[PDB]
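In the form deposited in one PDB entry, a lone chain appears below as structure tokens.
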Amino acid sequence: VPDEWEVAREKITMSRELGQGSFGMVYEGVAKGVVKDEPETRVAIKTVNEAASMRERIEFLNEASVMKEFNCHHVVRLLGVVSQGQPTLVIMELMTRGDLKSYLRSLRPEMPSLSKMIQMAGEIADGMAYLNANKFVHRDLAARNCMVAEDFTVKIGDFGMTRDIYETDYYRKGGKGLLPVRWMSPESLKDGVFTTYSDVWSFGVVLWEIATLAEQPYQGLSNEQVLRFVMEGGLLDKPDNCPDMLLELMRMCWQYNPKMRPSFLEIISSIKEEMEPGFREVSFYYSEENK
């Protein structure tokens, strides 16, 4: 049978550029027959420079492969892959408002309500709960990796560091690597071990980013001081005028002992009454798959 993810290049059109990505230019466009009962669909088109190395092309395609496993309202959806001809393309759900970090920055008085903030927290936690439930550790949860849809829905959108943990429940990084130090848990910084627990730590940082309108975590501290500050028990400050529920969630997500941190399901459970009505209809939390 045919590769269900492969799409004929002819069915995809590129309307305009959105911005430069990790492996190449990302465009906004339209694709035909990628969604059921839908003639054409608006999409984001990620490309790989025709001059990219095998190493880069492999990483690019590996991210697409991982995404083929996800089907969640709060996770940016993979819609197809064009692996025949040049350039190599990956088509995904269009998130008109861009990444969450830029969206938060755009709200700065220089350049959101408690309910809006809690709604975002719930959506992100739901996507992460879905990910963890399928035995995947994201490893790079941060506002820059979440996206915002037209209707303001927030979704997990970059999986460059995502790893399958089905067999061992953890992932250990070996050797050297460029890692998101300011979003990493104490145990991860110490011995490169990543678990659903360290994903929860990063979620805490994302909450902080939301409440501060994307301030840089540990601003003023060099990477070195961050490593020491966090591993010794230090924490980011309490954002001014931050909703009590988010301060408490942060406190919980930042327990030094990973086993003391809540799970994404426990996080959602604690704030579910604050979520909008439709959350029960589209969330992984209230789905039958979660039992």
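The first residue of the shown sequence is 1; numbering continues from there. Residues that one form lacks are left out of the comparison. Take the two forms, superpose them, and find the largest set of C-alpha atoms that agree within 1.5 Å; that set is the rigid core.
Form deposited in another entry: not shown, discussed below.
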Residue among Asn132, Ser202, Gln119, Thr162 whose Cα moves 2 Å or more between this form and the one not shown, once the rigid core is superposed: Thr162
After core superposition, I'd like to know whether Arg97 moves between this form and the one not shown (criterion: C-alpha shift of 2 angstroms or more). no
Superposed on the rigid core, does the Cα of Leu18 end up 2 angstroms or more away between this form and the one not shown? yes
Determine, after fitting the two forms on their core, whether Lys173 shows a C-alpha shift of 2 Å or more between this form and the one not shown. yes
Would you mind telling me if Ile165 and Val181 are closer or farther apart in the other form than in the shown form, C-alpha to C-alpha, with a 3 Å or larger change? closer
Closer or farther: how do the CA atoms of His138 and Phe23 lie in the other form, compared with the form shown, if the change is at least 3 Å? closer
Moved runs of 3+ residues, each with a C-alpha displacement of 2 angstroms or more between this form and the one not shown on the rigid core: 15-25, 54-56, 161-177
